[PDB]
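Undergrad:
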Ligand SMILES: NC(=O)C1=CN([C@@H]2O[C@H](COP(=O)(O)OP(=O)(O)OC[C@H]3O[C@@H](n4cnc5c(N)ncnc54)[C@H](OP(=O)(O)O)[C@@H]3O)[C@@H](O)[C@H]2O)C=CC1
Ligand code: SF4
Ligand code: SF4
Ligand code: SF4
């Protein structure tokens with residue numbers, strides 16, 4: 007078990023467990039999950055109303071500094087009514103630790119636009135608005151950045167397929183470039199690789 | 001451990017301040033740069049005469065996409081579809097049939113030279129070393145029709161040489 | 014069931030914002046068709062604009078109307094700047110066929126399009 | 005030279021100048037929306053068309069409250 | 001007929017459409033637009049050229065991957081022409097320089113070129129051969145151009161009789177000849201009534217007639233929608249453009293309709309006027 | 024036939040004059056631009072072939088389309104292509120650019136630069152090795168050696 011399998015530290019696990027229990031006790035208004043994985047990186051799962059209060063707490067308080075802001079994405083999970091998952095990622099300059107603030111959200115109701123306390127979140131929020139459509143009320147400027155202007159569809163969803171619906175070509179008829187419905191030259195074959203036989207017995211969900 | 005920069009002061013001693021004034025009004029280290037560049041002028045430049053001298057390489061370059069065959073034997077491929085299963089732009093296209101003999105073989109083995117990113121995964125995935133990334137890299141093709149290889153083009157390209165491919169593999173069949 | 018809408022209370026503010034947005038598109042058209050050195054009469058462009066408005070008149074849900082207003086405002090900004098080129102503006106139009114009608118027998122000749 | 009009748013005459017010939025109205029058929033109780041077969045789209049067209057013709061900005065709720073030719077003339081007589 | 005000539009699915013970008021078209025010419029104006037609309041249809045076009053490959057290079061990427069194909073032809077041998085028309089569904093004949101050269105007159109291009117290609121075509125077994133002609137090309141005077149075209153008309157009518165002999169009026173467009181000469185002026197003023205027809209309705213009519221069978225044998229003529237005076241049209245050109281011998285005689289010669297032969301209305305295509313497309317094309321003036 | 028003799032000799036002189044220097048413009052979107060700058064490197068030369076790398080579009084003899092063409096890129100690419108003198112030639116470098124490549128099945132990507140500009144010389148690879156690109160420019164020069172423009176003009 008020891009060679010070529012990465013060992014761990016239970017000490018960091020106990021530290022993050024006690025810290026997450028502490029944060030869960032002292033902000034009871036929005037805490038739903040505080041989960042700790044095997045390799046000690048914290049996850050805090052949050053209702054979509056305490057975005058500004060929880061981030062104003064987590065920027066400060068001298069027990070959890072966490073100035074460094076990272077990724078924002080809202081992992082598209084169907085079979086839910088609240089589809090999208092806004093994932094804040096926070097890194098502490100003072101304590102060297104990573105916490106993942108996963109707040110949940112639906113298709114049409116906005117979360118509260120974290121750019122007010124995080125100046126790094128501006129183009130992150132603009133990117134999420136362009137690729138998904140998660141609206142951000144009380145935001146300075148929402149535009150389409152990382153897509154074409156005349157293109158729409160919010161393509162990083164699961165409803166948007168791999169190929170786009172439109173496809174450009176130049177033509178000398180109207181002496182310019184026009185978009186057409188997509189005419190693929192090949193299929194993009196689909197390999198049914200989801201093999202049976204239960205490779206992980208621990209992660210079995212209870213069937214009906 | 002840290003070793004930072006730009007922590008000094010301009011020295012208030014008369015010699016150092018008149019040396020900085022001498023560099024300011026006398027254009028000194030500019031001429032020092034001219035001297036360094038003339039020292040690279042008087043070197044011999046390192047160029048290669050391209051059509052006569054070709055630049056050096058490794059025995060494991062990934063080029064031509066050639067095929068191999070058995071010693072005085074038939075086609076080395078089985079059409080076991082591993083290369084099309086691994087091809088990360090799906091440029092391989094295999095349609096397989098057996099012939100009148102009984103051993104399983106092909107019908108259509110197409111490499112798209114447009115989509116081919118030249119990984120090496122089809123070389124590493126081939127259990128019999130049928131497809132081999134070739135040695136030479138000169139395609140330079142005037143028409144887009146001609147950049148879609150057929151299996152017969154690959155067999156002609158594997159029968160224009162094997163001795164290069166065999167020498168490279170026989171040198172380096174021990175690393176991979 | 015708690016749902017927080019964008020702007021709307023009833024469809025009155027929806028009607029108000031969409032008529033102001035159409036006024037903005039009306040005073041948006043001639044400046045752009047003069048600026049991009051286009052090739053289309055102003056009547057045809059305005060009629061295709063109001064046809065695109067009349068396409069989605071079948072929506073009564075107010076959040077959807079709010080999101081349509083926000084999308085139209087976005088593209089009105091991006092066309093009132095010079096950020097979008099001649100290609101996208103012509104791409105709104107359809108002057109390159111695309112000839113496909115909705116006849117049964119026409120789709121029966123060029124078949125397998127039910 | 006700015007009376008009610010001159011404003012009504014210039015509103016009259018710009019209603020003549022609008023294309024889809026067939027015919028003009030002016031009345032003090034015309035109600036060109038439903039009695040003449042027009043759309044609220046065409047309502048806001050005519051309202052901001054009068055705005056384009058001869059003056060002030062005519063905002064959204066007052067653009068909604070008119071729906072009628074003589075009521076437009078009287079609203080301009082109130083505002084101008 | 002064999003498969004892969006039947007249509008397949010929708011249209012455009014290597015969707016396998018019906019016709020395989022051998023085109024003579026296509027480096028000029030109308031043939032280039034015709035290859036463009038067949039590429040929108042998604043039809044394989046076999047075109048031989050005689051010039052530098054740079055011209056067929058800047059009209060090359062109209063098709064999809066490997067759809068159109070380029071080869072060689074010459075105005076002398078039947079072997080190269082026959083090799084170009086070995087396997088063809090349809091074939092169109094568009095050729096002609098509007099001034100005599102050292103090695104070619106107005107005679108024997110319009111005469112000798114349809115003879116040999118119609119010979120190898122009728123010995124080859126092609127169908128729906130479309131031959132262009134200028135409108136009102138007579139036996140009458142004033143043009144070696146028009147009389148050699150009338151001789152070619154009689155040739156294509158006599159041998160291979162079920163050819164679509166087609167004629168537009170004098171077409172205007174992005175690379176017009178006579179509107180360019182209207183721009184390249186200085195002057196002189198005459199009278200002639202004239203109808204101009206825009207180029208895209210003409211080539212839409214040609215592709216619709218070549219893809220729609222049962223409309224064969226009949227010669228067609230395309231009609232301009234306005235049909236007014238030439239000098240009023242010149243005033244219109246100078247007004248929209250902001251500034252105050282063979283070609284000029286062949287535009288002053290003859291412009292009439294013929295009630296014999298059918299035109300646009302038996303095809304079902306909308307006519308674009310002079311005014312709209314003329315405002316579209318009259319760029320390149322002072323600012 | 025000394026008329027034909029003068030035509031052939033003058034055509035040889037003018038076409039050798041064209042193919043002699045051929046200064047390009049480096050359009051260069053993605054990492055194929057880095058490999059083009061590596062055939063700008065001191066080992067694989069460009070001085071020897073009269074080839075001067077130059078960002079000027081107004082004087083571009085040939086144009087090396089390299090990188091990955093996108094839908095947002097394409098109208099600006101053809102606007103770069105238009106303000107260019109009519110004697111011009113195109114080298115499509117890179118698997119991305121000569122047929123879509125590794126991003127062939129995607130949105131926002133034109134399936135190769137064939138659908139925008141005509142292509143004289145395709146050179147594949149990822150990246151096409153600077154040695155191989157220099158070979159492709161040599162076969163471009165041999166295409167310039169076979170052009171027969173003045174022959175066609177004389178016997179036209
Ligand atoms: N208003 C108009 O201009 C009208 C024109 N037409 C007819 O339409 C046709 C096309 O017109 P247009 O495009 O303007 O003119 P073009 O001269 O450009 O078209 C003729 C084509 O055939 C080629 N060609 C001509 N003569 C020869 C030759 N001797 N040897 C080899 N190739 C030759 C031309 O050049 P290349 O060899 O380089 O390919 C070109 O590709 C003409 O026949 C014209 O009479 C009909 C009605 C109206
Ligand atoms: S992996 Fe090798 S043997 Fe198998 S199909 Fe590919 S080339 Fe043939
Ligand atoms: S090297 Fe080319 S053919 Fe081989 S797996 Fe990669 S893309 Fe496919
Ligand atoms: S072909 Fe390869 S090297 Fe060139 S742009 Fe594409 S990914 Fe980069």
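Chains as they are written, first to last, in the authors' numbering: chain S3, 7 to 214; chain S8, 1 to 176; chain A6, 14 to 127; chain AA, 5 to 84; chain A9, 1 to 186, 195 to 252, 281 to 323; chain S7, 24 to 179.
Positions of the beta carbon are idealized from the N, C-alpha and C atoms, including for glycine.
Can you tell me which of the three DSSP states residue 318 (chain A9) falls into?
TA: coil
Undergrad: Which chain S7 residues are close to residue 101 (chain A9), counting only those with a beta carbon under 8 angstroms from its beta carbon?
TA: 179
Undergrad: Using a Cβ distance threshold of 8 angstroms, determine whether the stretch 104 to 112 of chain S3 contacts the stretch 49 to 59 of chain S3, with at least three qualifying pairs required.
TA: yes
Undergrad: Do you know offhand how far residue 128 (chain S3)'s Cα is from residue 86 (chain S8)'s?
TA: 39 angstroms
Undergrad: Whose CA, out of 43 (chain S3), 142 (chain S3), 197 (chain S3), lies closest to the CA of residue 58 (chain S3)?
TA: That would be 142 (chain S3), whose Cα lies nearest to the Cα of residue 58 (chain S3).
Undergrad: So which residues put a beta carbon under 6 angstroms from any heavy atom of ligand 2, going in chain order?
TA: 77 (chain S8), 78 (chain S8), 79 (chain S8), 80 (chain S8), 81 (chain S8), 82 (chain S8), 83 (chain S8), 94 (chain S8), 125 (chain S8), 126 (chain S8), 128 (chain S8), 130 (chain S8), 131 (chain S8)
Undergrad: For a cutoff of 8 angstroms on Cβ pairs, would you count residue 238 (chain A9) as touching chain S8?
TA: no
Undergrad: Cβ closer than 8 angstroms: which chain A9 residues qualify as neighbours of residue 71 (chain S7)?
TA: Those do not exist, as residue 71 (chain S7) stays about 26 angstroms from chain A9 at its closest Cβ, beyond 8 angstroms.
Undergrad: Closest Cβ-Cβ distance between residue 165 (chain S7) and chain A9: below 8 angstroms?
TA: By this cut-off, residue 165 (chain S7) is not an interface position.
Undergrad: Does the Cβ of residue 92 (chain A6) lie closer than 7 angstroms to at least one heavy atom of ligand 4?
TA: no
Undergrad: State the DSSP-derived secondary structure class of residue 177 (chain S3), mapped to helix, strand or coil.
TA: strand
Undergrad: Quick check on DSSP: helix, strand or coil for residue 69 (chain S8)?
TA: strand
Undergrad: If you run the structure through DSSP and keep just helix, strand and coil, what is residue 70 (chain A9)?
TA: strand
Undergrad: Any heavy atom of ligand 1 closer than 7 angstroms to the beta-carbon of residue 177 (chain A9)?
TA: Result yes, Cβ under 7 angstroms from ligand 1.
Undergrad: Hey, how far is the Cα of residue 327 (chain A9) from the Cα of residue 103 (chain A6)?
TA: Given a span of 1 to 323 for chain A9 in the structure shown, any question on residue 327 (chain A9) remains unanswerable.
Undergrad: Pull up the distance between the alpha-carbon of residue 155 (chain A9) and that of residue 115 (chain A9), whole angstroms please.
TA: 7 angstroms
Undergrad: Using 8 angstroms as the cut-off, can you tell me whether the stretch 54 to 63 of chain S8 makes contact with the stretch 126 to 142 of chain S8, which would need three or more C-beta pairs spanning the two stretches below that distance?
TA: yes
Undergrad: Residues of chain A6 with a CB under 8 angstroms from the CB of residue 190 (chain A9): which are they?
TA: In this structure residue 190 (chain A9) is absent; chain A9 steps straight from 186 to 195.
Undergrad: For the alpha helix (DSSP H) that residue 68 (chain AA) lies in, which residues bound it at each end?
TA: 64 to 68
Undergrad: Got a sec? Which residues, its chain only, sit under 8 angstroms from residue 232 (chain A9) by beta carbon, not counting five neighbours each side?
TA: 169, 202, 203, 204, 205, 310
Undergrad: Can you check which of these residues, 80 (chain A9), 126 (chain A9), 135 (chain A9), 63 (chain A9), is closest to residue 348 (chain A9) by C-alpha distance?
TA: The question about residue 348 (chain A9) has no answer, for chain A9 in this structure spans 1 to 323.
Undergrad: By the 7 angstroms beta-carbon criterion, what residues does the stretch 120 to 145 of chain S8 contribute toward chain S7?
TA: 137, 138, 139, 140, 141, 142, 144
Undergrad: Going by C-alpha distance, which of 199 (chain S3), 121 (chain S3), 45 (chain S3), 139 (chain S3) is nearest residue 21 (chain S3)?
TA: 45 (chain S3)
Undergrad: Going by C-alpha distance, which of 172 (chain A9), 149 (chain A9), 39 (chain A9) is nearest residue 166 (chain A9)?
TA: 149 (chain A9)
Undergrad: Would you please verify whether the beta carbon of residue 151 (chain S7) is less than 8 angstroms from any beta carbon of chain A6?
TA: Chain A6 contact via Cβ: absent.
Undergrad: Is residue 115 (chain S7) near ligand 4, in the sense that its beta carbon is under 7 angstroms from a heavy atom of that ligand?
TA: no
Undergrad: Report yes if the CB atom of residue 183 (chain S3) is closer than 8 angstroms to the CB atom of residue 169 (chain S3), and no otherwise.
TA: no
Undergrad: Hey, is residue 121 (chain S8) close to ligand 3, as in C-beta under 7 angstroms from one of its heavy atoms?
TA: In this structure, residue 121 (chain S8) has its beta carbon less than 7 angstroms from a heavy atom of ligand 3.
Undergrad: Taking beta-carbon pairs under 9 angstroms, can you tell me which members of the stretch 42 to 61 of chain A9 lie near chain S7?
TA: 50, 51, 52, 53, 54, 57, 58, 59, 60, 61
Undergrad: DSSP on residue 152 (chain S3), reduced to helix/strand/coil?
TA: Residue state, collapsed to three classes: coil.
Undergrad: Residue 43 (chain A9) to residue 68 (chain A9), Cα distance in whole Å?
TA: 8 angstroms
Undergrad: Measuring straight from C-alpha to C-alpha, what distance separates residue 83 (chain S3) and residue 6 (chain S8)?
TA: 51 angstroms
Undergrad: Could you say if the stretch 157 to 167 of chain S7 and the stretch 88 to 107 of chain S7 meet the contact criterion of at least three C-beta pairs nearer than 8 angstroms?
TA: no
Undergrad: Would you kindly check if the distance between the Cβ of residue 301 (chain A9) and the Cβ of residue 225 (chain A9) is under 8 angstroms?
TA: no
Undergrad: On the premise that residue 152 (chain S3) lies in contact with residue 137 (chain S3), defined as a C-beta separation below 8 angstroms, what is that separation, rounded to the nearest angstrom?
TA: Contact between residue 137 (chain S3) and residue 152 (chain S3) holds, since their C-beta atoms are separated by about 7 angstroms, short of 8 angstroms.
Undergrad: Note down, in chain order, every chain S8 residue with its Cβ under 9 angstroms from the Cβ of residue 100 (chain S3).
TA: Within 9 angstroms Cβ-Cβ: nothing; residue 100 (chain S3) doesn't reach chain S8, min ~17 angstroms.
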